[PDB]
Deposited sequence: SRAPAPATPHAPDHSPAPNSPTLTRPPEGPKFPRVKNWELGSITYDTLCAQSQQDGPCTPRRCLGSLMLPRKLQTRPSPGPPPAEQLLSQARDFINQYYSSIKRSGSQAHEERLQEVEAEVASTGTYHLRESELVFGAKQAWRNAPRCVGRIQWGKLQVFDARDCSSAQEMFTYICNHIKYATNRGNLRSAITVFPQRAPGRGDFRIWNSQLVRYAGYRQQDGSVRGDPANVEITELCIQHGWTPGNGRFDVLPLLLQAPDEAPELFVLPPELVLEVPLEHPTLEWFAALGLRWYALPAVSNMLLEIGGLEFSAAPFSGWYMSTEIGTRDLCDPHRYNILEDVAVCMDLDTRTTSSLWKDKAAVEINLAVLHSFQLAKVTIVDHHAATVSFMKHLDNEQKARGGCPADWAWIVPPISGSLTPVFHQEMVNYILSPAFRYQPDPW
């Protein structure tokens, strides 16, 4: 009933008791494990999710059972009973947001979970206004290369009307232009979103790195187009510490990883537009973004530049180039004074985080296939660390694309 959890490098053992607080089913059953899938497919119920969350909050500030706690429970009941919904207080929002990060099983950066700047944008009534907040968030989060984790929360969903939505999957993204050749110029991941932008009247560039505009949707209205002022979008040109020719590849990446298509659930309330950012781990750029075959697919190009044997897999040309590319990323970010974390530092701090959460909560939900980096996996301590995965609330969930 309580899972024994073992680290195979050190022979140490814990027990996850936290998983007993899961109220939401995952995809696995005793018959088959579906844990490597990316997405598997009343008032009473909101009220009890709301109760639980308010309880989580008052306990977190140690005022559990106090008058303030009782009267807030009553406020919530009064509100659901009359209106079918309720609203969060700003500090409750702040607590839920941090907790949603904390509960995120696919996130290796959770050591930082308590350091999060939260912008309340719930007084937002237009796509225009959404853009102003988005700009402030970017200016703040970027902070001249000295990245600071942030979230911005737009108005919750409501039963009789459409969602506030950011169509873009991240705040900063490079266009992907389908060519005549069936080829793709730019980021292949953003072909569809580039097309949408164009359908809504954007004049498109024709580079491998064109920063895309945002499509912002206020309730029940067409999406609106907003260009980010180049000045707000910090970018880092990639070079390599020893290989002079690398810079000539003209490669570059944006500083700010800001997810914008995920839904934030707090005490049963859903926030369909709640972008959040922190900073990159180098393997995301150096390994996935640049080396995935269905992304920029630069591996072969680099290896030929390195005069490596492409003829055969056994020279490990792929592994050699990947390392250099990840190295280029760390070097370049370090030269441009922009926050980055390599995958050894990140995962060492994740181990520390599992230890903190063991003492603090009796466990930590973690998704092994996501926590382990995409190169050099067993070289990192997370690789040898058994992990239990499950869903706690507050939570970030995936949501369907708005079109």
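Asker: Given the full deposited sequence, which segments carry no C-alpha coordinates?
Answerer: No coordinates exist for the deposited residues in 1-30, 72-82, so these stretches are absent from the model.
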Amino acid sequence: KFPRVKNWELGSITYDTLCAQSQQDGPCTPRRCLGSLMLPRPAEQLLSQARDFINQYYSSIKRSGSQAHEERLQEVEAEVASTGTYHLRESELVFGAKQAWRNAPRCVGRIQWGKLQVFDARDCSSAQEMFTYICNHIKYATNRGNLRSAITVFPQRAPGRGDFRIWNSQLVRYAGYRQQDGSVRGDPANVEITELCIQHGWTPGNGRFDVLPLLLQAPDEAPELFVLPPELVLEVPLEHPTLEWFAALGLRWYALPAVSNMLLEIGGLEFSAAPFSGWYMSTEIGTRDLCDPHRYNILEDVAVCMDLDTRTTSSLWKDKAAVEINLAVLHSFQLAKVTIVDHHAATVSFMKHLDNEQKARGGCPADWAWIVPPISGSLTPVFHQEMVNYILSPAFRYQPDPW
From here on, numbers count along this sequence of modelled residues.
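Asker: Checking the other entries of this protein that model its neighbours, is residue 41 missing in at least a third?
Answerer: Residue 41: unmodelled in a third or more of the comparison entries.
Asker: Higher mean Cα B-factor in the deposited model: 186-194 or 272-280?
Answerer: For C-alpha atoms only, the mean B-factor is higher in 186-194.
Asker: Determine, for stretches 130-138 and 195-203, which one has the higher mean CA B-factor as deposited.
Answerer: Per the PDB record, 195-203.
Asker: If I read the C-alpha B-factors straight from the PDB entry, which of 36, 347, 59, 358 is highest?
Answerer: Highest C-alpha B-factor among the listed residues goes to 59.
Asker: Among 22, 380, 385, 389, where is the Cα temperature factor highest, going by the PDB entry?
Answerer: In this record, 22 carries the highest C-alpha B-factor of the candidates.
Asker: When the deposited Cα B-factors of this chain's modelled residues are ordered and cut into thirds, is residue 110 in the lowest, the middle or the highest one?
Answerer: CA B-factor rank for residue 110: lowest third.
Asker: Mind checking which third residue 167 falls in for C-alpha B-factor across the chain?
Answerer: As the PDB entry reports it, the C-alpha B-factor of residue 167 lands in the middle third of its chain.
Asker: Relative to the other modelled residues in the chain, which third contains the C-alpha temperature factor of residue 85: lowest, middle or highest?
Answerer: It belongs to the middle third of the chain when residues are ordered by C-alpha B-factor.
Asker: Which third, lowest, middle or highest, does the CA B-factor of residue 229 fall in along this chain?
Answerer: Answer is highest: the recorded C-alpha B-factor places it there.
Asker: When the modelled residues of the chain are sorted by Cα temperature factor, does residue 339 land in the lowest, middle or highest third?
Answerer: It falls in the bottom third of the chain.
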